[PDB]
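As structure tokens, the structure follows; a few thoughts come after it.
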Amino acid sequence: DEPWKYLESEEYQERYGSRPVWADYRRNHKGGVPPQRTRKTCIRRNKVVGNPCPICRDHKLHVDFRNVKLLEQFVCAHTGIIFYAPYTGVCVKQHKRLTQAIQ
Amino acid sequence: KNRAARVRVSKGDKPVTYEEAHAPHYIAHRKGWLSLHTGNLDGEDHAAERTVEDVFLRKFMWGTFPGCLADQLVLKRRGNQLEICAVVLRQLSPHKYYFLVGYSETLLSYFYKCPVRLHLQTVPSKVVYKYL
Amino acid sequence: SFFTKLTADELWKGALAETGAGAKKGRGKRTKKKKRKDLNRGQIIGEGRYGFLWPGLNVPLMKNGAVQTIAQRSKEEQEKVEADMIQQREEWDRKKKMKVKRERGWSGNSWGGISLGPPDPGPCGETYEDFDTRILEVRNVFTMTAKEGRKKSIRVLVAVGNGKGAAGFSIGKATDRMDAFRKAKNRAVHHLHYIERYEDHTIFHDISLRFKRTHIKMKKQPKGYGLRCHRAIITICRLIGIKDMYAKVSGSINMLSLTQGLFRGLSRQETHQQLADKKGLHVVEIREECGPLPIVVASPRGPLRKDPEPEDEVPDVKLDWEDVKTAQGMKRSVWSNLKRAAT
Amino acid sequence: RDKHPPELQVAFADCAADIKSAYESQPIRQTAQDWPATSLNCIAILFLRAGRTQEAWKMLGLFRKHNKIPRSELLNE
Amino acid sequence: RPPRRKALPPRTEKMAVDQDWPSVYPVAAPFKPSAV
Amino acid sequence: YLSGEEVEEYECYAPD
Amino acid sequence: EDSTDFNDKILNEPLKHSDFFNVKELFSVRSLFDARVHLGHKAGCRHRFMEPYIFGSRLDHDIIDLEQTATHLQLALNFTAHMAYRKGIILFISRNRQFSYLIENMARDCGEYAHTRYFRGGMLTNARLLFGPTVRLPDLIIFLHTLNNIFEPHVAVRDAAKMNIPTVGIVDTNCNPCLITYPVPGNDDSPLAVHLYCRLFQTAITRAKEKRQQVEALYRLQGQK
RNA sequence: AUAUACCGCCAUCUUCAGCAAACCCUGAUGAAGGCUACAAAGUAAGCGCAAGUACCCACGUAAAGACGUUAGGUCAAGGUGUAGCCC
Ligand SMILES: [K+]
Ligand SMILES: [K+]
Ligand SMILES: [K+]
Ligand SMILES: [Mg+2]
Ligand SMILES: [Mg+2]
Ligand SMILES: [Mg+2]
Ligand SMILES: [Mg+2]
Ligand SMILES: [Mg+2]
Ligand SMILES: [Mg+2]
Ligand SMILES: [Mg+2]
Ligand SMILES: [Mg+2]
Ligand SMILES: [Zn+2]
């Protein structure tokens, strides 16, 4: 109901600190060059994949147009462009929700 | 190359006691004997029995005071008295050391049919002669 | 026979077989290895199968102000003790089994990119907590010896830095890989370069140099560009504190040549203040995001020249065909400008 | 109880320090440390008379922490 | 937490230089550093 | 190494 | 409260004067000329980095420009005096055995240190091992001869820079001054030249130590009252 | 069964004198290398040699003799990992 509160809580500060929620996430892939698209979705029929993306791995992070402090983490502060999904590692499902919430 | 009772050189991190650091050729030169009795003197008897008793007493005390012995046992025989002198650590509570002294002295006195006394010297840590 | 029994140390030294022609030259490999276990660890003096309770050894000596007598646990009461020791034994095995996973490097089996922590504190109460260490190369070097044949040593290359311009690198050599880590990281802290950074995020100008056969071309970039450089350069740049740079490595891709070639080029970069002092002119930065506003970044400390810099109609500067081919849209590569994780 | 020559006063301060350590490292430490009022007043006075003023000034905090009334003699010294 | 047991000072430090030594070692006994 | 490496005072007369 | 005034009246005050110790009165171009300081090696021995400091070649014998030596010597003596004033450890180094005894006596007389013997590998770069972890290294190394006996640079020149120690050095026409902090072009062979250098450095060092005591004493007397 | 899993105890060079942790420096911070005494980058704990001790001497003879080499010898001294047998 109030998604912006999670980012102001002590639980959030202990898990992420002042870095973005996607800072410590790493994609598992063969080769040095990753696939040009991230996985379609990390939640499939209510089951979570082994390496869920920064959004899907924390169920308290809610992609909502009012939780602007979370959305800012997926926009470049210097250029204002929205990071493509391989940049942060979010699945295609959550990247679309972020792009719509940002707009 | 000779191997018998020789702690081999390492990286300088292995602590050895005075006894362990001296190979067999130093026996009677730099280090003494760990058991003293008359069985190995010229014209004396019963060396075999004294030797078996010593091997048992060393194993018995190793397992009776597990992890407590900080050096080899010194076994002394005078007449029919058997004195066991052991250097032990200061980890076990004093009550347990008194129990095991009473238990060991009594059990060994009935086993070998002689008055047996156990003398414990405690050290805070194993005494290091050198680091090989 | 009681007299044929040995001590635990003797039994493990034999069973483990750590000394021998197998372990001399690594003639034997160990996918399955006997692991030493301390069998006296959870054992209490006085506790045996029969479950006797000896006053003063395994149970308290006095109970209710009176000396306890010899007693024996009931068959049921002893089964619980035995079961509890087995569970305590599996719990200990599980506590050791639960070991924190460490992050990987450039690849799962690669040492490159792995952090080794800060250099060790010096003898005179010196500390380097502000410095981070990264591995760049771990090699097995094989030396043919007069009497011992092929021997195996480790050569390590590590870089250190505090993220604020101070960084260095050193080679470490030892028979053991962890001693090489200590030598390299401790030596590197005494060979630190200072690297000047423009606005504490990028280099002051494009740097193109060759070290031996390794060519490195670096480009100054604006904020938000990130580190789009050879993975080794990315590792080093995080130690120096550069956030935004493009680099291309050509010719031989030799890690050592690349490391010292990179440090040579970054330590010989002229800052804007040096340019103003050298030429006695203002340095004016024009940013397209700020339009025509002239931003003076550096002014000469000494007198200011009155004669304009000569305007050569055409500069006699040498150009890189790769840079020109890109600006003309004639550069076609499926691998350029690919989407990658944040670096 | 009374002041003494400097040689004796120094010796009494080496013991008072050792007693202070006993109060600090009691085996009842699991329970709140009981620092009697007389003990705190005497230990502080012995430090002053010995010249270990630095140690005496530090101890004044323990009067407030444990809420123990300071003695008149200690305040005057 | 119970304090670890502290070994007492060697009782040699309580011996006077004009004592009756035969009372210290009355009969054959092993060498005792704390007593000699 | 990447799996993890986990090999993992006061004294008194007459203590209690 | 009282430390800032100390460091300001004693440590920072000398650094506000161009010649606080008046070391220019110790020498002149004539005094240097009489000591044969201008005499350099033959042109065939010339080092290319010493060409700036050479006046010319007189019949294939290089002549050192004493006008430059005078300015370089002024800087070197001024630095040396300031380091003695600050109670820095000054180490004299030379491998020329003709002057080993002279140099060792000059060091003892001024209250400083001399190393004129074979220089063992790592005296500076490995001092903690050789001397101990608390060993204090020199704050200034003065070379009266920058070359060893095989006509190569003294190892301490390279190792002094590694340890961030400033170096004063007499550099003849066959020497390399690149790594010497305060080079002084001058003759290092003639007994008259070397003797002159020892008098100047000995005097500069001794004067600075007496100046340090005078200021401290005055600063204390005024402090009480 | 496996000495080609080993402990233990040994052969061999050895009728040798070298090995070597921790540092330092050179080679552009390459694999590598590091001595000069009128000395030029090495310092080196520890082990060995040596010293000392045994025998009739300070002589000789013993004893000692590191690291490493030959997956040297020995599972049959004893112990023991692994595999195998259990009417
Ligand atoms: K063998
Ligand atoms: K066997
Ligand atoms: K077997
Ligand atoms: Mg032999
Ligand atoms: Mg993998
Ligand atoms: Mg000359
Ligand atoms: Mg074999
Ligand atoms: Mg002889
Ligand atoms: Mg022989
Ligand atoms: Mg010998
Ligand atoms: Mg074979
Ligand atoms: Zn997802």
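Please treat every number below as a calculation from the coordinates, not as lab data. All Cβ positions, even for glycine, are placed from backbone atoms using ideal geometry, and neighbour counts span all protein chains on display.
If you bin all the Cα-Cα distances of chain B at 10 Å, starting from zero, the percentages per bin are 10, 36, 34, 17, 2.
Beta bridges per DSSP, both residues in chain G: antiparallel share near 35 percent. Shown for chain C are no DSSP H helices, since none reaches 15 Å along its axis, judged by Cα atoms, with a mean Kyte-Doolittle hydropathy of at least 1.0. Pairs of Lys residues in region G:3-222, spaced 8 or more positions apart or belonging to different chains, with C-alpha separations under 19 angstrom: 11 in total. When chain B is described by a simple charge dipole with +1 on each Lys and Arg Cβ and -1 on each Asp and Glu Cβ, the residue from B:110, B:57, B:25 located farthest towards its positive end is B:25. Rounded to the nearest 20 debye, the dipole size of region C:102-152 about its Cα centre is 640 debye, using +1 on the Cβ of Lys and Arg and -1 on the Cβ of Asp and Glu.
Summing -39500 (n - 2.57) over the DSSP H runs of n ≥ 4 in chain C and dividing by its residue number, what mean residue ellipticity at 222 nm do you reach, to the nearest 500 deg cm²/dmol?
When only DSSP H runs of four or more count, the value is -7500 deg cm²/dmol.
Qualifying chymotrypsin sites (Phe, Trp or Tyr not before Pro) in region B:94-132, where qualification requires a DSSP coil assignment and no more than 16 other C-beta atoms within 10 Å, comprise B:129. Stokes-Einstein diffusion for region G:3-222 at 25 °C, viscosity 0.890 mPa s, with a Kirkwood radius from C-alpha pairs, works out to 136 µm²/s. Which shape class applies to region C:198-343: rounded if a/c is under 1.5, otherwise prolate when a/b exceeds b/c and oblate if not, where a ≥ b ≥ c are the square roots of the Cα gyration tensor eigenvalues? Since a/c reaches 1.5 and a/b is larger than b/c, the shape of region C:198-343 is classed as prolate.
Scanning chain G for long hydrophobic helices, with DSSP H runs required to stretch 20 angstrom or more by C-alpha along their axis and to average at least -0.5 on the Kyte-Doolittle scale, returns G:66-85, G:191-224. Hydrodynamic analysis of chain A uses the Kirkwood radius over alpha carbon pairs. Inserted into Stokes-Einstein at 20 °C and 1.002 mPa s, it gives a translational diffusion coefficient of 150 µm²/s. Taking only the alpha carbons of the protein assembly as shown, we obtain Rg and Dmax values of 39.9, 119 Å in that order.
Let me have the 222 nm mean residue ellipticity of chain B computed from DSSP H runs of 4+ only, each contributing -39500 (n - 2.57), with the sum over all residues rounded to the nearest 500.
Dividing the helical sum by the residues of chain B leaves -9500 deg cm²/dmol.
Cross-link reach is defined here as a Cα-Cα straight distance under 16 Å, omitting same-chain residues fewer than 8 places apart; for residue D:20 the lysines meeting it are D:58, D:65, D:68.
Along the charge dipole of the protein assembly as shown, pointing to its positive end and built from +1/-1 on Cβ of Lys, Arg, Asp and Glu, which listed residue (A:25, C:266, C:207) has its Cα farthest out? It is A:25. Remark: the protein assembly as shown carries a charge dipole of roughly 4740 debye about the Cα centre, counting +1 on each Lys and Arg Cβ and -1 on each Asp and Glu Cβ. The residue among A:62, A:80, A:94 whose Cα reaches farthest toward the positive pole of the charge dipole of chain A, with charges on the beta-carbon of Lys, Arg, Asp and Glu, is A:94. Can you work out the base-10 log of I(q)/I(0) for region C:151-236 at q = 0.10, 0.13, 0.23, 0.25 1/Å, using the Debye formula on its C-alpha atoms alone? Treating every Cα as an identical point scatterer, log10 I(q)/I(0) equals -0.33, -0.55, -1.18, -1.25. Tell me the relative contact order for chain B as a rounded percent, counting alpha carbon contacts under 8 Å between residues six or more apart. Worked out over chain B, it gives 31 percent.
Applying the criteria of a DSSP loop state and at most 11 other Cβ atoms within 10 Å to the GluC sites (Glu not before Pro) of region B:1-106 yields B:44. Only beta bridges with both residues in the protein assembly as shown are counted; by DSSP, about 70 percent of them are antiparallel.
At the listed q of 0.11, 0.15, 0.21 Å⁻¹, the Debye profile of region G:84-189, built from one uniform point per Cα, gives log10 I(q)/I(0) equal to -0.31, -0.59, -1.20. In a reduced charge model with +1 at each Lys and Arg Cβ and -1 at each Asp and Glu Cβ, region G:82-162 shows a dipole moment near 200 debye about its Cα centre.
Loop-located chymotrypsin sites (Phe, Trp or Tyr not before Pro) in region G:63-138 (DSSP state other than H, G, I, E, B) with a sparse environment of at most 13 neighbouring Cβ atoms within 10 Å: G:118. Do you know the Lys pair count in chain A for C-alpha distances under 16 Å, with sequence separation 8 or more or different chains? Count of close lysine pairs: 6. Measuring between their Cα centroids, region G:1-31 and region B:1-59 lie 75 Å from each other. Working from Cα pairs under 8 Å separated by at least six residues, relative contact order for chain A is 34 percent. When the P(r) is computed for chain C, the part past 36 Å accounts for 50% of the Cα-Cα pairs.
From helices alone, chain A scores -6000 deg cm²/dmol at 222 nm; the rule is -39500 (n - 2.57) for each run of n ≥ 4 DSSP H residues, then divide by the residue total.
Just to confirm a number: summing +1 for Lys and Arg and -1 for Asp and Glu over residues other than residue B:44 whose beta-carbon lies under 14 angstrom from that of residue B:44, what do you get?
Net charge in that neighbourhood comes out at -1.
Taking the C-alpha atoms only, the angle from helix A:92-102 to the longest principal axis of chain A is near 30 degrees. Of all DSSP-defined beta bridges confined to region G:40-115, some 60% are antiparallel rather than parallel.
The residues packed around residue G:42, meaning those with a beta-carbon under 10 Å from its beta-carbon, carry a net charge of -1 if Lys and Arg are +1 and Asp and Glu are -1.
Mean separation of Cα pairs under 8 Å and 6 or more residues apart, divided by the residue count, gives region G:3-222 a relative contact order of 26 percent.
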